[PDB]
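So you know, we letter chains A, B, ... as the sequences are listed, proteins then strands, and number each from 1.
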Amino acid sequence: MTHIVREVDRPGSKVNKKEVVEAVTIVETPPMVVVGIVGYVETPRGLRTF
Amino acid sequence: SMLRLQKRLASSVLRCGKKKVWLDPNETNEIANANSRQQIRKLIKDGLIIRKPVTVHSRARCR
Amino acid sequence: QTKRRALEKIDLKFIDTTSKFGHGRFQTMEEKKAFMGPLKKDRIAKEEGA
Amino acid sequence: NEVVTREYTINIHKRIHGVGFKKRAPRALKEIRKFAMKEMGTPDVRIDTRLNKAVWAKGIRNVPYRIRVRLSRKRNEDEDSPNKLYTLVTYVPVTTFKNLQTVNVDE
Amino acid sequence: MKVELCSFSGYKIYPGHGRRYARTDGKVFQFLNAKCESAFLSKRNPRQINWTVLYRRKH
Amino acid sequence: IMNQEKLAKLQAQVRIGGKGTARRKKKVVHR
RNA sequence: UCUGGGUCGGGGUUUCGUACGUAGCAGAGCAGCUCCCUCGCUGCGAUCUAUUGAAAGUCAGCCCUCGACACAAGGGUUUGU
RNA sequence: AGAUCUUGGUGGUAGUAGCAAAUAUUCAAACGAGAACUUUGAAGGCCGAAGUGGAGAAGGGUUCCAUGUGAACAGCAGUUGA
Ligand SMILES: [Mg+2]
Ligand SMILES: [Mg+2]
Ligand SMILES: [Mg+2]
Ligand SMILES: [Mg+2]
Ligand SMILES: [Mg+2]
Ligand SMILES: [Mg+2]
Ligand SMILES: [Mg+2]
Ligand SMILES: [Mg+2]
Ligand SMILES: [Mg+2]
Ligand SMILES: [Mg+2]
C-alpha cells in the first residue's frame with residue numbers, strides 16, 4: 001500500500017477542486033498466459049464441463 | 001568415579017568450604033583412591049588438591 | 001456503474017514513495033543524497049576511488 | 001576431503017530472535033550445534049568450553065549478536081562408534097565482524 | 001504536490017505525513033513524526049539536538 | 001630444564017581456569 | 001537448467017542520536033615549579049568542541065546481491081483399471 | 001438382581017486430568033550396558049549474615065559413617081539416595 005494526492009471533481013462537495021490524500025493498494029500483474037480452453041453446456045442440473 | 005567424600009575431607013583438612021576445594025579433573029583415579037585424611041594431606045602436598053583463592057570483592061570503588 | 005462515484009475521471013498529482021520500512025521521509029535516492037550531502041562512507045569510498 | 005577445518009561467523013542475533021530471556025544462551029548453544037551439524041554433516045558435534053564461556057560471557061539473556069567460530073572435522077577413529085567423524089567447534093576471538101568471509105584454514 | 005511544510009527539525013513534510021498542532025495563542029506547528037513532536041512538546045531546543053537542521057546550520 | 005616443546009605444553013597445565021583465576025603451582029607424583 | 005537454495009559478507013532502507021581513542025590557548029576552578037618563565041609551564045577537573053548525521057542494530061516474517069564458502073540427482077513408506 | 005446391602009475383584013472414564021508457588025541453567029570429561037538429573041572441572045546465576053550459612057532444645061531413633069546392590073521405593077530418570 002501507499003497513498004496519493006489528487007484533485008477531486010465532485011461538484012457540490014466540500015472537496016470540490018480540492019486536494020485529497022487517498023490510500024491506494026499496488027497489485028502487481030504480470031501478463032497472463034493462455035494455455036487452454038474449456039466449454040460449458042447448460043443442463044437442467046446446472047453448468048457442466050463439456 | 002564419585003568424589004563426594006574426597007571433597008568433604010579436603011574441605012575439612014584445608015579448613016575452607018567446599019567452594020574453595022579444587023580436585024584435579026585429570027587425576028580423578030588418584031584422588032578416588034584417597035579414603036583417609038592422611039591421604040588427603042598427601043594429595044594436598046603433592047598438588048592434586050588446591051584451595052582456590054577467595055573471590056575478589058574490591059573496596060577501591062568504595063574508597 | 002452509473003453513480004457519480006463511479007465513471008469519475010482520476011488524475012493523480014503525486015504518488016508517495018517514502019520508505020515504508022519505518023518513518024520514511026525522502027521520496028527518492030537522489031533527493032536523500034542531495035539533502036544529506038556526502039557521508040563518511042561516501043568519503044571512505046571516494047578516497048579508495050582516487 | 002574429510003579432515004577439513006573452516007572458520008565461520010554465526011549470526012547469533014538472527015537465530016535467537018524472539019526467544020525468552022532465560023532461554024537465550026541455551027538456545028544459542030543449541031543453534032551453534034545445529035549450525036555445525038548442517039555445515040559439516042556430522043551429528044557428533046563437540047563444543048569447546050572456551051566457546052561456551054564466550055557465549056555465556058554476558059549472562060543468560062544478553063548473548064553476543066555475532067561470533068566467529070572454527071569448525072574442525074576430525075577423525076573419530078578411536079573406538080567402535082556409530083559415527084566415524086565429529087566436529088569440534090572452537091572459539092575465534094575477533095575485534096570486528098566487518099568484511100569477514102568464510103575462509104578455509106590450513107592445519 | 002501540495003504546499004510543502006517544514007517541521008521542528010526543518011525537514012520537508014510530504015502530504016499525508018506527520019501531524020499538525022494548533023496552540024491556544026494562535027500559532028500552528030507541524031511535525032514530521034512523533035519524535036519531533038515529543039521533542040517540541042518537552043520544550044527541547046532544536047539548536048541542541050544534533051540531527052536537526054537548525055543545529056547543523058548553527059555548527 | 002626447559003625447551004620449546006616443554007614450555008608450550010607447560011602453559012596448558014598451569015592454567016586451570018579462565019582469566020582471573022589463580023595459576024596451578026605444582027603437580028608432583030611421589031610413591 | 002540458460003543450475004538451485006542456503007550461510008556469511010556487501011549495498012539499500014530504517015531506528016537511535018554523535019562511539020572508543022586522540023587533540024584542543026574550550027572549561028567553574030584548584031594543587032605544584034620559578035636559572036626556568038616576564039606571563040609562563042605541569043597535574044586534577046564535571047562538561048564542551050573537532051575527528052563524527054558518528055558509533056551500534058537492522059529479518060529472525062525488510063529490499064537487492066552475484067563477492068566468498070560449502071552443499072545439493074539423496075533417504076524412507078506405499079499406490080493398478 | 002436389587003436393600004445409597006457386606007467383603008473381594010474388574011471396567012469405561014483414560015494413556016485422560018494432571019507431574020506450572022519461591023528468576024537458571026550451559027559446556028567438556030570420567031565411571032558406566034545405559035547420563036537432562038551421579039561425580040570432577042569451567043562458566044552463568046541464586047540464598048545475601050532477620051541466609052537456602054554455622055550450631056543447639058523438644059521430637060525422631062540409627063536416619064550418622066564406609067562399602068556393596070540396582071528387585072521394590074524416591075509420583076520422569078538415576079551410575080544417586082534419609
Ligand atoms: Mg511501515
Ligand atoms: Mg545485511
Ligand atoms: Mg449378587
Ligand atoms: Mg496431559
Ligand atoms: Mg503441567
Ligand atoms: Mg550474582
Ligand atoms: Mg543476590
Ligand atoms: Mg540456621
Ligand atoms: Mg548418609
Ligand atoms: Mg520414579
Atom CD1 of D:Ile47 and atom P of H:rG41 are separated, to the nearest Å, by 22 Å
Going by modelled atom types, is there a donor-acceptor pair between the base of H:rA42 and the side chain of D:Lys53 at under 3.5 Å?
no
Base pairing of G:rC33 with G:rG40 (Watson-Crick or G-U, both distances under 3.5 Å)
yes
For D:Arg68, answer base if it contacts any base atom (sugar-phosphate contacts may also be present), sugar-phosphate if it contacts only those atoms, and nothing otherwise; contact means non-hydrogen atoms under 4.0 Å. nothing
Expect the sugar of H:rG48, by the sign of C1'-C2'-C3'-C4' with positive north and negative south, to be south
- prompt: Base, sugar-phosphate, or nothing: which does D:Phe35 touch, judged by heavy atoms less than 4.0 Å apart?
  reply: sugar-phosphate
Closest of H:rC27, G:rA19, H:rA43 to the C:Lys40 side chain is G:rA19
query = Between D:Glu2 and D:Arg73, does at least one N-O distance fall below 4.0 Å, as a salt bridge requires?
reply = no
Mate of G:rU77 across any strand shown (Watson-Crick or G-U wobble, both atom pairs under 3.5 Å) is none
The Watson-Crick or G-U wobble partner of G:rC69, with both key distances under 3.5 Å, is G:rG6
### Message
Taking any heavy-atom pair under 4.0 Å as a contact, classify D:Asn99: base, sugar-phosphate, or nothing.
### Response
sugar-phosphate
Of B:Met2 and F:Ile16, the one whose nearest nucleotide on RNA chain H sits closer to the 5' end is B:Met2
Q.
Any base atoms under 4.0 Å from D:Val69, or only sugar-phosphate, or nothing? Heavy atoms, all strands.
A. nothing
- Task: Verify the stacking flag for C:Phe21 against G:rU14: centroid separation must be under 5.5 angstrom and the ring planes must differ by under 30 degrees.
- Result: no
Could you check whether G:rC44 pairs with G:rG29 (Watson-Crick or G-U wobble, each of the two distances under 3.5 Å)? yes
Item checked: D:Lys74/D:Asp78 ion pair, N-O < 4.0 Å -> no
With a cut-off of less than 4.0 Å, is there a side-chain N or O of B:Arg8 near OP1 or OP2 of H:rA66?
yes
| request: Look at all strands and tell whether C:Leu39 reaches a base, only sugar-phosphate, or nothing, counting heavy atoms closer than 4.0 Å. | output: base
Review point. Which part of the nucleic acid, if any, lies within reach of D:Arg24 when heavy atoms closer than 4.0 Å are counted: base, sugar-phosphate only, or nothing?
Key: nothing
| Touch check for B:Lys52, heavy atoms < 4.0 angstrom, all strands: base, sugar-phosphate only, or nothing? | sugar-phosphate
| query | Between H:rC27 and H:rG41, is a Watson-Crick or G-U wobble pair present, with both distances under 3.5 Å? | reply | yes
| message | Mind checking if C:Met36 touches a base, just sugar-phosphate, or nothing, with heavy atoms under 4.0 Å? | response | base
Is G:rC30 paired with G:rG43, either Watson-Crick or G-U wobble, both distances below 3.5 Å?
yes
Polar side-chain contact D:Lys22-H:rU23 base: donor and acceptor under 3.5 Å: yes
- Tell me yes or no: between the side chains of D:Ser81 and D:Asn83, is some donor less than 3.5 Å from an acceptor? no
Practice prompt. Look at all strands and tell whether D:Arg66 reaches a base, only sugar-phosphate, or nothing, counting heavy atoms closer than 4.0 Å.
Written response: sugar-phosphate
Q) Looking at the six-ring of each base, are H:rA49 and H:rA50 less than 5.5 angstrom apart at the centres and less than 30 degrees apart in plane? A) no
**Item:** Separation of the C1' atoms in H:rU26 and H:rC37, to the nearest angstrom
**Value:** 14 Å
Classify the nucleic acid contact of D:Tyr86 as base, sugar-phosphate or nothing, counting any heavy atom under 4.0 Å across all strands shown.
nothing
Does a side-chain N or O of D:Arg61 approach OP1 or OP2 of H:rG45 to a distance below 4.0 Å, or not?
no
E:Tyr11 OH to G:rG53 P, in whole Å, measures 12 Å
Q: Quick one: label D:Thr9 by what it contacts on the DNA or RNA (base, sugar-phosphate, nothing), any heavy atom closer than 4.0 Å.
A: sugar-phosphate
Regarding the side chain of B:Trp22, the nearest nucleotide among H:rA42, G:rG53, G:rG9 is H:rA42
If the plane angle is over 60° it's perpendicular, under 30° parallel, otherwise tilted; pick one for E:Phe29 and E:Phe40. tilted
Worksheet item: Counting just side-chain N and O atoms, does D:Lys98 come under 4.0 Å of either OP1 or OP2 of G:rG57?
Response: yes
>> Check this for me: does any side-chain nitrogen of one of A:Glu22 and A:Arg6 sit under 4.0 Å from a carboxylate oxygen of the other?
In response: yes
D:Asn11 atom CG is separated from G:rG6 atom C1', nearest whole Å, by 14 Å
| message | Need one value for D:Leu51: base, sugar-phosphate or nothing, where a base atom within 4.0 Å counts as base even if backbone is also close, heavy atoms only. | response | nothing
So, the side chain of D:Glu31 versus the backbone of D:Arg27: is there a donor-acceptor pair under 3.5 Å, distance only?
no
**Prompt:** Taking the six-membered ring of E:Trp51 as reference, does the NZ or CZ atom of E:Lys35 fall below 6.0 Å from its centre and within a 45° cone about the axis?
**Reply:** yes
When both distances are under 3.5 Å in a Watson-Crick or G-U wobble arrangement, the nucleotide paired with H:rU79 is none
Respond yes when some side-chain nitrogen or oxygen of D:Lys14 is under 4.0 Å from OP1 or OP2 of G:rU7, and no when none is.
-> yes
Please classify the nucleic acid contact of B:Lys7 as base, sugar-phosphate, or nothing, using heavy-atom distances under 4.0 Å.
sugar-phosphate
Atom CG of E:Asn50 and atom P of G:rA19 are separated, to the nearest Å, by 8 Å
Checklist entry - Does D:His13 place a side-chain N or O at less than 4.0 Å from the phosphate oxygens OP1/OP2 of G:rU58? => result yes
Exercise for review: Please determine if a side-chain N or O atom of E:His59 lies less than 4.0 Å away from the OP1 or OP2 oxygen of G:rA50.
Suggested key: yes
When you compare the protein's N or O atoms with those of nucleotides 68-75 of chain G, which come within less than 3.5 Å of each other, and at what distance?
residue	atom	partner	partner atom	Å
G:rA68	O2'	D:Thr102	O	3.2
G:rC69	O4'	D:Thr102	O	3.4
G:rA70	OP1	D:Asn104	ND2	3.2

Watson-Crick or G-U pair, H:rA3 and H:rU52, both under 3.5 Å
no
On RNA chain H, more 5' by nearest nucleotide between B:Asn26 and D:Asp48 is D:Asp48
Which of G:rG12, G:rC59, H:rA28 is nearest the side chain of D:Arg46? It is H:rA28
Requested in this report: Answer yes when E:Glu37 and E:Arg19 have at least one side-chain N-carboxylate O distance shorter than 4.0 Å, and no when they do not.
Outcome: yes
Distance check: side-chain N/O of C:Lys20 vs OP1/OP2 of G:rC63, anything under 4.0 Å? no
Below 4.0 Å: OP1/OP2 of G:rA54 and any side-chain N or O of E:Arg56:
no
Mind checking C:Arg25 for me? I need base, sugar-phosphate or nothing, with any heavy atom below 4.0 Å counting as a touch. sugar-phosphate
Checking G:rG9, H:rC27, H:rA24 against the side chain of D:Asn52 (C-beta onward), the nearest is H:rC27
Exercise. Between D:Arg70 and D:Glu7, is there a salt bridge with N-O shorter than 4.0 Å?
Worked result: yes
Are D:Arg46 and D:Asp48 within salt-bridge range, i.e. N to O under 4.0 Å?
no
Would D:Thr90 and D:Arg50 count as having a side-chain donor-acceptor pair, cut-off 3.5 Å? no
Query - Inter-nucleotide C1' distance (H:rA72, H:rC31), Å rounded - result: 25 Å
Rounded to whole Å, the CZ-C1' distance (C:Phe26 to G:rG12) equals 15 Å
Taking only N and O in the side chain of D:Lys23, is any of them less than 4.0 Å away from OP1 or OP2 of H:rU23? no
Next on the checklist: One thing to verify: whether F:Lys27 and B:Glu27 come together as a salt bridge, which I'm taking to mean a side-chain N less than 4.0 angstrom from a carboxylate O.
Outcome noted: yes
Quick note, E:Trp51 side chain, CB onward, closest among G:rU18, H:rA28, G:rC16 is G:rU18
